[PDB]
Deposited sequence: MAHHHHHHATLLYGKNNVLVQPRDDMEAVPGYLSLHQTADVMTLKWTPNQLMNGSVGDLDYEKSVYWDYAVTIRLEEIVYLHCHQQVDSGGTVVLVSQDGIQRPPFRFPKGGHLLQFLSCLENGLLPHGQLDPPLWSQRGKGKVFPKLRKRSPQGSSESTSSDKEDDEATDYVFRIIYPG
């Protein structure tokens, strides 16, 4: 079990009325199986107490997804802002976007995702390709492919 990517302060907003919750986003590979996790900060930072830890409201917000369940990544990178990505799953379940902090974190995540899918999988179109630099704000759609 190895860590391919980690990023603090990835926000997710469970509903549009309530403010975004900051959390840690990680990519992990155990064998050839990649899994994406997002965990609200209060569950990492030890700020719930032993007795409440097992049934905290924040456990309802934690996500863990096997990458093979993902068919599309629909990314959105506004200038002077943080990128968002929506994972589109084979099951059709609506998932809230992850929002990255300002900077090139979106691309970095896409890059570690790509580096890890190899050699059995890859992003389509490739990150290095002309199509892979999105279309103009900026909008990306990637498919995960297994040759």
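- Residues 1-8, 145-168, 180 of the deposited sequence have no C-alpha coordinates in the structure.
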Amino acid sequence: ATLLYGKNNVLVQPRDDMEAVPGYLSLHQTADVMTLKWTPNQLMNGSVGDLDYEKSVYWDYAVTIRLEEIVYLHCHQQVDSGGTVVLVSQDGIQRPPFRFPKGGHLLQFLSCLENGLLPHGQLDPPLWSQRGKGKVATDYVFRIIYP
From here on, numbers count along this sequence of modelled residues.
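- The deposited model assigns a higher average Cα B-factor to 78-86 than to the other stretch when 78-86 and 100-108 are compared.
- According to the PDB record, 115-123 carries the higher mean C-alpha B-factor of the two stretches 115-123 and 91-99.
- Based on the entry's C-alpha B-factors, the most elevated value among 42, 26, 30, 64 belongs to 30.
- Per the PDB record, residue ranking by Cα B-factor puts residue 58 in the middle third of the chain.
- In the deposited entry, the Cα temperature factor of residue 132 places it in the middle third of its chain's modelled residues.
- Annotation for residue 138: CA B-factor lies in the highest third of the chain's modelled residues.
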